[PDB]
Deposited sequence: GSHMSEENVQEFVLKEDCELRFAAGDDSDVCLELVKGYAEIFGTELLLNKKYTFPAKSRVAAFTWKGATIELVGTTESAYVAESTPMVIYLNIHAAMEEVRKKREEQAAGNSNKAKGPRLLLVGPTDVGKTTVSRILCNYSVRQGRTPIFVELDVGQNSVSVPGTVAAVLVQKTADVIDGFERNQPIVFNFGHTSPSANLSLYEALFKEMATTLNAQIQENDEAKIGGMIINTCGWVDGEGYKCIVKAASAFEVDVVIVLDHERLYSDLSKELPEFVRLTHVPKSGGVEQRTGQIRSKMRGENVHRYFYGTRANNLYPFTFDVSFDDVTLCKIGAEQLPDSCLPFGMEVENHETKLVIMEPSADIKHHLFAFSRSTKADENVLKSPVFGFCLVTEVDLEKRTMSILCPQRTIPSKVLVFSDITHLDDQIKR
């Protein structure tokens, strides 16, 4: 906190910095205009970033920015792909306007594809914020069951974006449509994964019939980093199910080349480079981040603390079940359900409906008392929203 760094940013430059392993870093815009991943920074506001945060503060006109704290790295980059990300947004709004003049209108749908650590989530965040700043309400679709920015790991989720992402905490998670996949990787159950995003695409298509702003708002869809083998036809089916107009490929020439020949001719295909500010995460970093995502789901953030309940549930009051390829199996309260997430299915009964039903939310089984026939759960709300609890293979040690 007694260590300050001052930076001058010319137009079209970004301050890339990573917070230390131990320290927070406070960022303040002191002159000009700046944005962090598409969200405008307010002049003279203090943004505290937690340890190990990797952030870029970009400026369209020029800015002076102050960093307070211990940084692992901090420099001004003069070359960025930010204008590319702007033009993609500009192209979408052009499609919105052309479709709008038939009075309703269906907004452009965009599929982001590529391997891990290309800045795919970052770009999806930028594109959503720009649509919001344009006055539109896009639907952000999260297909990455490994690193999910809307719900917990092992989920396919979609959210209506009505406000720009918070600089620190990201997008508001206001009433998301969440499907429980139950695995960190699509390879664990390929056919179920495909059935879920098809059920996602169908649910959204019926719901945009009742919301005009959401329909014209369009979709920005983040896929997972699985591009090889079975991950490829998985991209093709995602493009098909969601009826996308544009596919953006980040930093993968072969994938771009393969898709150029298999995609329907009406689909626009754009290859873009990854930002020099994106760096390769190791396996254990993603694993650690999944646990931090689970913690965030129950306990919230520093800015918005959530207060989860810890109460006991009788095994008589609930039906525990597991999806396992697409058949449903009823679970008998074992010791092995401990530390596992469970989804509150929107289905009233534990039958065929569970497979394709969205969920109310999640709980974490913390204790299992087989001799008392009770379990301890961590839950976002006072009472359980559903008697049907669906097994997730994701484990969290709180």
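Numbered from the first deposited residue, the unresolved ranges run 1-5, 109-113, 335-352, 427-431.
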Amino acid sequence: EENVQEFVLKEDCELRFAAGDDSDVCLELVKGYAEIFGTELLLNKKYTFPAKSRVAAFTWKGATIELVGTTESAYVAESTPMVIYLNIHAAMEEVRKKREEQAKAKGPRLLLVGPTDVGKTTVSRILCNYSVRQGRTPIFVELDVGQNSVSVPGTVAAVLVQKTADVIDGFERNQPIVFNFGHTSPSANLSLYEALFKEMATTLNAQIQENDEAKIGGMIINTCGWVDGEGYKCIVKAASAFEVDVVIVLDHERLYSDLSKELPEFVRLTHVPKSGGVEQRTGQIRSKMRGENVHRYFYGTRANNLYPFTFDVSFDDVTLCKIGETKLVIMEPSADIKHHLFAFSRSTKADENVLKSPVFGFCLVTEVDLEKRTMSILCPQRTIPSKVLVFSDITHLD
From here on, numbers count along this sequence of modelled residues.
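Under this definition, the rigid core comprises the largest set of C-alpha atoms superposing within 1.5 Å between the forms.
Fitting each structure in 7 other deposited structures of this protein onto the rigid core and averaging C-alpha distances over structures and residues, 94-102 emerges as the more displaced of 244-252 and 94-102. In the comparison with other entries of the same protein, residue 325 is left without coordinates in at least one third of those covering both sides of it. In this entry, 356-364 shows the higher mean Cα temperature factor of the pair 30-38 and 356-364. For the pair 253-261 and 93-101, the mean B factor over Cα atoms is greater in 93-101. Across the residues 179, 232, 140, 298, the deposited record lists the maximum Cα B factor for 298. Ranking 55, 330, 68, 43 by Cα temperature factor from the entry places 330 first. Per the PDB record, residue ranking by Cα B-factor puts residue 343 in the middle third of the chain.
For residue 189, the recorded CA temperature factor ranks within the middle third of the chain's modelled residues.
Looking at the C-alpha B-factors along this chain, the one for residue 306 belongs to the highest third.
Sort the modelled residues of the chain by CA B factor and residue 152 lands in the middle third. In the PDB entry, a CA B factor belonging to the middle third of its chain's modelled residues is recorded for residue 197.
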